[PDB]
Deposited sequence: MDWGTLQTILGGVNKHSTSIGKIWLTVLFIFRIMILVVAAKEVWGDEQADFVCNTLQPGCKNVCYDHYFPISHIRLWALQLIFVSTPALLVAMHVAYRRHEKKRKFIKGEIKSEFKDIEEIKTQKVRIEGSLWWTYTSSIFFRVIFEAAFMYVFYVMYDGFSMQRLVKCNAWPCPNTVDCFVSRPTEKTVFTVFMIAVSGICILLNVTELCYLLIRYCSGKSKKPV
C-alpha cells in the first residue's frame, strides 16, 4: 500500500552518496515490490496443499514443521526490516545535524551493519534449506509418522524461481555496499 511511503523514500532520497542516492535505493524498493506484489501469494497455500501419503493423524503437521521451521517469506520480511534500520537511523541523524567526523563515522558504520546483516540472512537460507532449490518430494520419519512417509510440496518450481531471484538481488546489494566502503576508504 502506498499510504505515505513517498515521503519516507523521498525524504531519504537525499542525504546519500553517488550510488546511495539512486542505485542502493531502487534495489531496496525492487525487493519490496517483488515480496509484496508477487511473492507473498505464492506461499499462501504452503501448508494447505502440503500432502502426505499416510493415514496417521498429526503426521502432516510434524513433517511440514520439520522441513519448514520458518517460511521463506517470513525470513525475507525479517531481512528487509533489519537492513532498513541503519539507513533509517542515519537518515534522521543528518536532520539533527542540519538542525563532521562523528557524522562520517556514523555514516560508515551504517554500511558496515548492512553487509553483515545481508550476509547472515543469506547464510541462514543456505544451512537451513541445504541450497536454493526446493524439492518436490520430502521423506519424513518424525514421530508419530510410522517408518518413513512421503510428502509433497506445493509449487516447488515457482518458489525456486523467486528464491534465486531474491538471493541474486541481495548479492548485488552487498557489492554496492562494499564498493561504497572502498570509495570512502581511499578518500580518507
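J.: Enumerate the deposited-sequence segments absent from the coordinates, judged by C-alpha atoms, in order of position.
T.: Gaps vs deposited seq, in order: 1, 101-128, 218-226.
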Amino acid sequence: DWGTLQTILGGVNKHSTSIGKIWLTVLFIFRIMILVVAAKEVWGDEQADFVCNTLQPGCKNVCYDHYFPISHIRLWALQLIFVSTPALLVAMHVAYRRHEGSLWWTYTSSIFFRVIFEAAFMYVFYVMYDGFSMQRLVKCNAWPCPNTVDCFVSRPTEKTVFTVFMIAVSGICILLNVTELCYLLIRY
From here on, numbers count along this sequence of modelled residues.
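Definition used throughout: the rigid core is the maximal C-alpha set that superposes within 1.5 Å between two forms.
J.: Fitting on the core, do the C-alphas of 88-96 or of 70-78 deviate more in 4 other deposited structures of this protein?
T.: Most displaced of the pair in 4 other deposited structures of this protein: 88-96.
J.: Line up the rigid core: which moves more in 4 other deposited structures of this protein, 170-178 or 17-25, by C-alpha RMS?
T.: Between the two stretches, 17-25 moves farther in 4 other deposited structures of this protein.
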